[PDB]
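J.: Quick one, fold the following:
(2 chains, ligands or ions: 2)
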Protein chains: 2
Amino acid sequence: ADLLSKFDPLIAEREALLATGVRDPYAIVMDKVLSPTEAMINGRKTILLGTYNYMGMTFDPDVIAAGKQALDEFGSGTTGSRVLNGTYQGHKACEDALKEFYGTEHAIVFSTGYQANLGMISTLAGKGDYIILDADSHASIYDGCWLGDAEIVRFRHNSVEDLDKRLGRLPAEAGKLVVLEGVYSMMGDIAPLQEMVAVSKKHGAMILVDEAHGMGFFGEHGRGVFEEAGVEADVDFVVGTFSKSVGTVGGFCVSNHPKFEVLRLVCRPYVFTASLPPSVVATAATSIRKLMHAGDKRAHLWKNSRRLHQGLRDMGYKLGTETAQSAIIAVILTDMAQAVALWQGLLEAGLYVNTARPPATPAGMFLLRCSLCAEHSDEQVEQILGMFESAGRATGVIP
Amino acid sequence: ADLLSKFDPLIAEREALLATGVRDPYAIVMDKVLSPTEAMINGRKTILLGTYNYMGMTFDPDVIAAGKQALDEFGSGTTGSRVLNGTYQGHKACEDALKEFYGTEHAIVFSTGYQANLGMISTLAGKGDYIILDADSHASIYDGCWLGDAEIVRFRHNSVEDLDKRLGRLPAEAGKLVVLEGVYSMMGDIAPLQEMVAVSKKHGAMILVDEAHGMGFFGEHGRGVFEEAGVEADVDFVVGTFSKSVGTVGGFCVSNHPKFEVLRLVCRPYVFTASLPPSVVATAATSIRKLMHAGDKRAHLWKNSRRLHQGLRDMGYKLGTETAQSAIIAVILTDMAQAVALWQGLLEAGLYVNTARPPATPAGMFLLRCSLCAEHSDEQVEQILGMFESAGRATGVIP
Ligand SMILES: *Cc1c(COP(=O)(O)O)cnc(C)c1O
Ligand SMILES: *Cc1c(COP(=O)(O)O)cnc(C)c1O
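T.: Numbering: from 1, shown residues only, chains lettered A, B, ... in the order given. Ligands and ions are numbered 1, 2, ... in the order given. The protein structure is shown below:
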């Protein structure tokens, strides 16, 4: 027995699943990517409906040109931390792009969204402080909590009432950080941030909101659900990513707090990692600036999401939301065998979607998760619906 | 008072330092980068001697061509996790390049070296396990310990004797992970891995070694200090980075353990972050493959380090090592004012080096840290020495 022995049940469970010949969801390789919406998987041309490329920026000609030029002018990488030799003009320019996008006085870029959450949460709340978060918060937010030394307070998923109740029992003078997400990624529903922010401010909490899943398509300027909800002035910190709407890699946190820049000196997941390559901050900056004016993509993203949502429910699928609340649509299934047959059937017909399973989902609930892209054409959305209809009938999920 | 108030002493301490008019080491921006060894900083053409671009790969024409082509063929980013839609042919090819470089059966690429340590350490050792590490281990290794739920055992810096003593008191049946680094980055001295690995195996510990600071220039194949030390067959896991010798961004862990691939399913800093952009895995793969045959760069790196080390000690500087043990050379100073005057003097003369300060260093010790590059010419090393001589005399550090 050694340190990997604790994974023996999982390995055994996996080998037994694979022994039945079913397709492995952990072995999908994009051999070739034709566009933001199509890739070759195992020799088959496949519509991608399981990416977070919400605004189709990954093949934007300006983004790509910026990346190439940065490689020529600045090289493949910085070979240093932001706090030593790794801050190039591109890193500062990218932070300026974020300040303009969010209308904030400060922007700190991290090397991943994971690190942004891990760092912000583990640095802001220390011994004697409390972190109050939704039970179903993203793993990176939890990892922030677990890395730090604060007291953790979980409130029932999506319950303003429970948040308020839980905050009220906490000691008056303890520091409190409420961490919220704009869009809950599992089911693609949105948080009631207006109500939750008001409850949080009433108890004197500082508020950090993750807006990774609404960038470019919620709020007047595309800043996220918090802007749409009208609580921009009451949110202390907004964390996001470069790996979804922006279409590259990286994380960030924006804020108007006058002491915010001090985090560059103390935030360990910022300090003790290399800064991003010049090509990454160039592509990110160019993408971010275009996202400020991407009204056409935004409008088409919403059209796509509403069409797919309405179409799926109309043919008999049960969805995680009564209406399209975001660009994520969750199809709910009650049988594991049925869930795998449908997913595999879709894949073999040329459609890729994501899946979710217990214990990530609650017991007895199996999800197919669809995420729309601004670059899905009207015609592709109709094809997608046709594929769901065909595969759904073949597997007995719908009549 | 709020969650940032705890940083008020640091902010005040910083404003008081800056009030004296001294140059800010946390405000260096590379406005333009001319080559691996030169950049424009605040309008001045400056030789870079504070990067971890050890093998000068950042401007390699093949690396750069691979990056550009990947942008064209695969776009600016993957917009998904490795375990969903984010595994492209480039990610698999990059892992194959690592397998070839290290001669291992497995390679897992992470989005940063920070995440590779954080993930490996927090996942391998759980409740009832022990992590045994050098007191002066890298912050990312510590963060791995703090994120996880294992018992932590610090041994005195660089003490084989203390490691052995500490391991012997641990419960016989508890899982044990010894985490070691090949090169200690502060002073640039190397760990006695032959002795430490033997002590670790004698107690039945699994061994993870970080080889971020020797890649391409220690060991027959450039695999690191552990290969040089002859203990390749006894090390279970090797963690490294793409951000130093490789010249991009990313992390990895390589291993021959037959259950190693299971970590892709459970390692949270792998699962819950986007995979790297196609350009990053393309440049990394191309760089890694060239590093396998980079004898010329390696030989010149060592020549540079030995010349600089000998030259600095010969003119009167006190160094962290009696001989050049790596590509890092630490100049030891005993007065903060003198340390800042020398660093600033070098910078204003056109030389950039890194600095270290308490509490990163021990009380009363102030360092200038030089890191050689394979692309520093013989002539630049002579210029560098001339600059150290001039600035050193002006500041009274040397006669
Ligand atoms: C996607 C996401 C992350 C991770 O972002 P990466 O940049 O891919 O590491 C973190 N938090 C939330 C809420 C996310 O949605
Ligand atoms: C540089 C380094 C890291 C961090 O690597 P990044 O890829 O820059 O995050 C982690 N551990 C050690 C020992 C390092 O030297």
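J.: what's the closest non-adjacent residue to residue A:310?
T.: Residue nearest to residue A:310 in three dimensions, not counting chain neighbours: residue A:324, with 7.6 Å by Cβ to Cβ, 6 or more residues apart in numbering or on different chains. In this view, the C-beta of every residue, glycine as well, is placed from N, C-alpha and C.
J.: and what of residue A:261?
T.: Counting by Cβ to Cβ, 6+ apart, the nearest residue to residue A:261 once its immediate chain neighbours are dropped is residue A:106, at 6.2 Å.
J.: Pull the number of nearby residues for that neighbour.
T.: By other Cβ atoms under 10 Å in any protein chain shown, the residues close to residue A:106 number 20.
J.: Residues of chain A that sit close to ligand 2?
T.: With Cβ under 6 Å from any ligand atom as the criterion, chain A meets ligand 2 at residues A:273-274.
J.: Apply 8 Å and report the result again.
T.: A:81, A:111, A:272-274 (Cβ under 8 Å from any ligand atom).
J.: So which of those residues is surrounded by the most neighbours?
T.: residue A:111 (32 neighbours).
J.: now that we're looking at that one, how far away is ligand 1 from it?
T.: As for residue A:111, its distance to ligand 1 is 9 Å (criterion: Cβ to the nearest ligand atom, to the nearest Å).
J.: My read is that that residue contacts residue B:250, right?
T.: No - contact status for residue A:111 versus residue B:250: not in contact, 9.5 Å apart, counting by Cβ atoms under 8 Å.
J.: Tell me the residues that contact both of the two, please.
T.: Listed as contacting both residue A:111 and residue B:250 by Cβ atoms under 8 Å, 6 or more residues apart in numbering or on different chains are B:111-112.
J.: Now do the same for residue A:27: helix, strand or coil?
T.: coil (DSSP: H, G, I helix; E, B strand; the rest coil).
J.: In contact with the residue nearest to residue A:261, which residues?
T.: If you count contacts by Cβ under 8 Å, 6+ apart, residue A:106 has them with A:99, A:254-257, A:260-261.
J.: Quick check: phi and psi at it.
T.: In terms of degrees, to the nearest 10, the main-chain angles of residue A:106 are phi -140, psi 150.
J.: can you tell me the residue of the stretch 101-250 of chain A closest to chain B?
T.: Of the residues in the stretch 101-250 of chain A, the one nearest chain B is residue A:243, at a distance of 3.4 Å by Cβ to the nearest Cβ.
J.: thought that residue was touching residue A:112?
T.: Yes - under the contact definition of Cβ under 8 Å, residue A:243 touches residue A:112, with a separation of 7.5 Å.
J.: Find the residues that touch each one of the two.
T.: When contacts are counted by Cβ under 8 Å, 6+ apart, the set common to residue A:243 and residue A:112 consists of A:249-250, B:273-274.
J.: ok, the residue nearest to residue A:261 to ligand 1 distance?
T.: 19 Å.
J.: cool, residue A:216 as well?
T.: As judged by Cβ to the nearest ligand atom, residue A:216 and ligand 1 stand 14 Å apart.
J.: so residue A:381 makes contact with residue A:308?
T.: Yes - under the contact definition of Cβ under 8 Å, residue A:381 touches residue A:308, with a separation of 5.8 Å.
J.: Comparing these two, which shows the higher neighbour count?
T.: Neighbour tally, residue A:381 and residue A:308, criterion other Cβ under 10 Å: the higher count belongs to residue A:308, 23 against 20.
J.: Test my guess that the more buried one contacts residue A:384.
T.: Yes - in terms of Cβ under 8 Å, residue A:308 counts as a neighbour of residue A:384; the distance is 6.5 Å.
J.: secondary structure element for residue A:363?
T.: Secondary structure assignment for residue A:363, by DSSP states H and E: no helix or strand.
J.: That one: neighbouring residues, count only.
T.: Using other Cβ under 10 Å, residue A:363 has 6 other residues around it.
J.: So the helix or strand where residue A:226 lies, near ligand 1 or not?
T.: Residue A:226 belongs to helix A:225-228 when assigned by DSSP H and E. No - if you take Cβ under 8 Å from any ligand atom as the test, helix A:225-228 misses ligand 1, and the best it gets is 11.7 Å.
J.: List, one by one, the residues from chain A near ligand 1.
T.: Proximity of chain A to ligand 1, by Cβ under 8 Å from any ligand atom, involves residues A:52, A:112-117, A:137-141, A:181, A:185, A:210, A:212-213, A:239, A:241-244, A:249-251.
J.: Can you flag which of those residues belong to strands?
T.: Secondary structure assignment (DSSP state E) places A:181, A:210, A:239, A:241, A:251 from those within strands.
J.: Now for the residue nearest to the last one when sequence neighbours are not counted, how many residues are close by?
T.: When you say that, I think you mean residue A:251. What sits nearest to residue A:251 in space, not counting adjacent residues and going by Cβ to Cβ, 6+ apart, is residue A:116, at 3.1 Å. Here the number of neighbours of residue A:116 (other Cβ under 10 Å) works out to 28.
J.: wait, doesn't residue A:116 sit right on residue A:107?
T.: No - taking contact to mean Cβ under 8 Å, the distance of 11.0 Å between residue A:116 and residue A:107 leaves them out of contact.
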